[PDB]
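Going by the order they are written in, the chains are A, B, C, D, E, F and G; count residues from 1 in each one.
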Amino acid sequence: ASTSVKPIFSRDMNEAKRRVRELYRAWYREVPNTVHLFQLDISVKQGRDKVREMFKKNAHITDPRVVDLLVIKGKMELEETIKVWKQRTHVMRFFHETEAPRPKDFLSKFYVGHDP
Amino acid sequence: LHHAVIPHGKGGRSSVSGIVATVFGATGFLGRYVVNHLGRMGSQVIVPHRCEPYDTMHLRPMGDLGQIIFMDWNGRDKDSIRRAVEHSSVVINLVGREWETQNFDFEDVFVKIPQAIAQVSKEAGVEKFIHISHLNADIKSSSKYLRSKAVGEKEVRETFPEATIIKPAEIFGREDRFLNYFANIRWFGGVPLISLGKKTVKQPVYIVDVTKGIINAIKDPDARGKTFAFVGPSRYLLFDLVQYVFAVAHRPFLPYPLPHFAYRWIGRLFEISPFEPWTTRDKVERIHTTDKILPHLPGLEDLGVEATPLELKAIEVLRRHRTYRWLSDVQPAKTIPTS
Amino acid sequence: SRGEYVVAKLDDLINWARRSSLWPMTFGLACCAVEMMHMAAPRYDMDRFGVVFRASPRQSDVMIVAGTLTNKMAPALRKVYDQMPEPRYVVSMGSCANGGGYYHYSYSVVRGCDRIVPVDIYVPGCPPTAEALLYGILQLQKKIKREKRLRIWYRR
Amino acid sequence: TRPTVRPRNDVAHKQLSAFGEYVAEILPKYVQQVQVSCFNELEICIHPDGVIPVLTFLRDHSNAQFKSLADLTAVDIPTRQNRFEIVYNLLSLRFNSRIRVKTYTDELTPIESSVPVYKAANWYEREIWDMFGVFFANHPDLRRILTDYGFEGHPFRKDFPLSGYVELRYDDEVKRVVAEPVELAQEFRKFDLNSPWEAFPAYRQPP
Amino acid sequence: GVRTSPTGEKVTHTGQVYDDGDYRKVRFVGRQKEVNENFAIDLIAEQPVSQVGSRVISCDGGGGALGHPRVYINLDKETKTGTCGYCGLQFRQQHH
Amino acid sequence: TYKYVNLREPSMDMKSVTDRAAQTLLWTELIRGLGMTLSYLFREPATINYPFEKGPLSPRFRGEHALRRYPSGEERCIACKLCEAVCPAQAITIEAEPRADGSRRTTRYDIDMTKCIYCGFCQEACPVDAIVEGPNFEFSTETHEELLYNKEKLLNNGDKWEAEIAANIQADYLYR
Amino acid sequence: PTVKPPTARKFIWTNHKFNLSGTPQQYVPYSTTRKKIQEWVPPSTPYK
């Protein structure tokens, strides 16, 4: 009635999580190629840790429709890296190498400015 | 009161950090990274220059509209120094050449000029003053580059008692003349080395580490009147440091020993060049001067800077010396244990 | 002689050659590129000033950024700039390349090409007339004429 | 007749009304509402499941022959449960007429892809996904078309800010173009322009 | 008129000038500060007061449609002169 | 009504076929295109001698901005901010306050000439002909910061181009 | 101008100046407004 919704690809978290793992392996196997094709200065260890970091931000989702969209955006991002539609600048934007470390504790945030 | 400019913003390009810095020698190698860091947080930077205005164009994109201001100055004109520093709150000195010209010698660029800048800075009310010396500065050293370094270092400390003095080791980076120097020796076949490089120990440091230390010395109020010593986290034999460089570049490494006098005779030959000499007798002495261990001076960890290993950042410096793209690795050179 | 005299005259010669044989590399991006074409048309004929119609990055001496620089295009512009042999000058043409112009506040536009490359002449207008761009090029030639590369070397 | 008022064409208002009922009687399973505007444009409001049946009928039926997809776009109205309105504009060269077909979806419900009906809907649906995030199922190649690679968010949504979240710059330390949080030397100035006095009584809503 | 501050910087017609210790003065080193020499408050003070013989006079700045919107100025008060709100021309009534 | 651009059938008589064979083997149409480029060689070129000759303009030309004055030297601008409201690129910034004599005048008047789309809407909106676009189009600069005009820069343009600006307005104000 | 001279006015430049870019006479932007917030000046004389 009110909770009846059309699905994207997956009908329950079991099928959804299946697609997540298929995506994780695809990204895991690709990092060595990306670090070598783009001549990146990072190591393969950092590349796979960054992939893990992106998968663990969304570990709290429980809506299969939302999980499907996260995977769909993941496959598009993967296709842009395998086919080299991206460039070395785009790949290195997951690491934020030019931004200073913004403080996370109350005192430091209090000294610099008014933002919480 | 007419200072403490009250920084505003989120520490970005269009923010205001409250630093008005006059960076002498901003058009070289170390200056290229200091202006970049100062301008990355919205700092007012005054850049005196002696070169052609065309040679300062790589600095303009480093700051927001109106933040980088260029002026003419002359090393022997105290008035031109007065104009550049009278509005600033920190003066950074990076002047220095690796060879002697027909109009400036090691005495002029490492003793007189740093003394003139320091004296004028004092008389203008500049609070902070950063001066760069060498780790191996000593008045009993064969290299005349390092003898005048020690004289100037002490001469600044008297004129500006509250000045901060930094003493880095050899610095490696994209525009360096340390790793890039151990790659163009291939032009002459083998790689000469005094005592085969087994009698020399080097402790290279990363350019960005030196840059982040300078910035943090400006903000830190405890760095006034305090001397420092920046060094990387590993010591190397000159042989295995040069061996590593040729391995990363995939070039054929052919070393052969050479007596000290012979190496200085070829050094004499290259100094004849009326342009930037490829090498000099002073370059041979410093490259073969074992880096001092100064355990009584604070290092980079006292400024909150984690030293970057030379293995991590050696590839980016030496990629352009390879003769292939996508070659396909090199193992680290042995690190001399501490103590 | 004095040495300075010889250096002064050599500076004039090399400056004369460089400002008399400018070969631009037009980055025709948006509407400002149509006016750049009209500066090559018969009425103005930039070829008569020594400015060839077009060239490739390896044989070009001046880049003319004429149009809106998007975030998707900025990396491409920088790589072309880095591959120009030196001396290399940049001319920023129009409000879009100067400071963002009509699309200054858009999410997808670089606010002035000077955030990506160093600029030498800023030509205003939306678009600048083909005469304004010609005035900009002639102003760059005077800037090259004032260069003192060899004098400063002699006093090093 | 008044020189300054648009003349009213009553004949074309009558014809499009008849065809609107005609279409509503032939596809009752999907059509939810049919209206004609005062400048003679007809709108058919359908259920999102009827995208393929309705468009196929209007393209193939002898009395419709709408063989050109003029435009396919979307509109974002956050006050609705289904915030996305997918609009199809069609043209019949045979009968020299135009019709507009509208449906609705939300962030998570995928609409069916009309590439099998009109091959022109290929890129238009890539533009909708890129700028609004509406997913079209069974699309041959669905990906961003107008935004920068790696762009996060869907710019044409009403809640996406005008200047965005990141801006590009060249950094000389890393020797490449980097992205950083956006800061503006001059904040965009917002103008409150609406007059507090009602202008068009004919469109007044119930209290 | 144009006047100089103790440090030597010219004061603009709006009253703007940088303090002695302000760091923003460094933008003028090797360059100049652009100030208009024709302060408008002084020039409009040099115009004679026009004598008219009616209670209400109208001003349009001169030039007809090249001027400013036409405004009618009341002149009953005899302790001051009616002033045009757009252009600043003053008017006075003839001894009454 | 319509016409056929390319609906033709070549004649197949031996006379016409031989004509096409002569064209194929003797390059007749190619040698007829050389004549058109030979004639242009002997026509006078259309190039003007810049900067000693200038392309024609008109009184309505939209060029560099300028703040104007009344003939008495008073500023025309009365800080109404209509130009700021209609500028489609938001390139005008204005602050105001009563002047020492009590008049309504501006303290800040900035035009960011790198945002401006040189459209003219500011001189249409102005009710006192204070902001105009003069005829200057030769004001390119070597720095971005020189194209951020403030009120002092704009009044200098008006005091510098008033002889010409006043004439152009005289020749076009009856069309407005 | 010889046949039809322009209207003369007292505030018009009597000496034309050309493009001054790249010279010590170049225009340099600045804020024409005065300071908005005034801070408190502490007393010059002690208390205890």
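Observations on the structure shown:
Here is the rule we go by: contacts are C-beta pairs under 8 Å (C-beta built on N, C-alpha and C of every residue); 3 or more make two chains touch, one makes a residue touch a chain.
Looking at the partners of subunit C and subunit G together, the chains they share are F. For subunit A, the chain with the farthest CA centroid is E. Chain centres defined as mean CA positions place C nearest to the mean of all protein CA atoms.
Annotation: 42 Å between the Cα-based centres of subunit B and subunit G. In whole angstrom, the spacing between the mean C-alpha positions of subunit D and subunit G is 52.
Centres computed as Cα averages put subunit B at a distance of 58 Å from subunit E. Within subunit D, residues 148-149, 169-171, 173, 176-177, 180-181, 184, 188 each touch two or more of the remaining chains. In subunit E, the residues that reach two or more other chains under the touch definition are 12, 14, 27, 30, 34, 38, 43. Taken residue by residue, subunit C touches two or more other chains at 75, 105, 114-117, 119-120, 139, 143, whereas all remaining positions touch fewer. Across the complex, subunit F is touched by residues 186, 188-189, 191 of subunit D.
Of all the residues in subunit F, the ones that touch subunit B in their complex are 144-145, 148. Contacts from subunit C toward subunit F in the complex involve residues 42-45, 48, 95, 98-102, 104-105, 112, 114, 119-126, 128-132, 134-136, 138-139, 143. Of all residues in subunit D, those touching subunit C in their complex are 147-149, 155, 160-165, 167-170, 176-177, 184, 188. Those residues of subunit E whose C-beta lies close enough to touch subunit B in the complex are 19-23, 25-27, 29-30.
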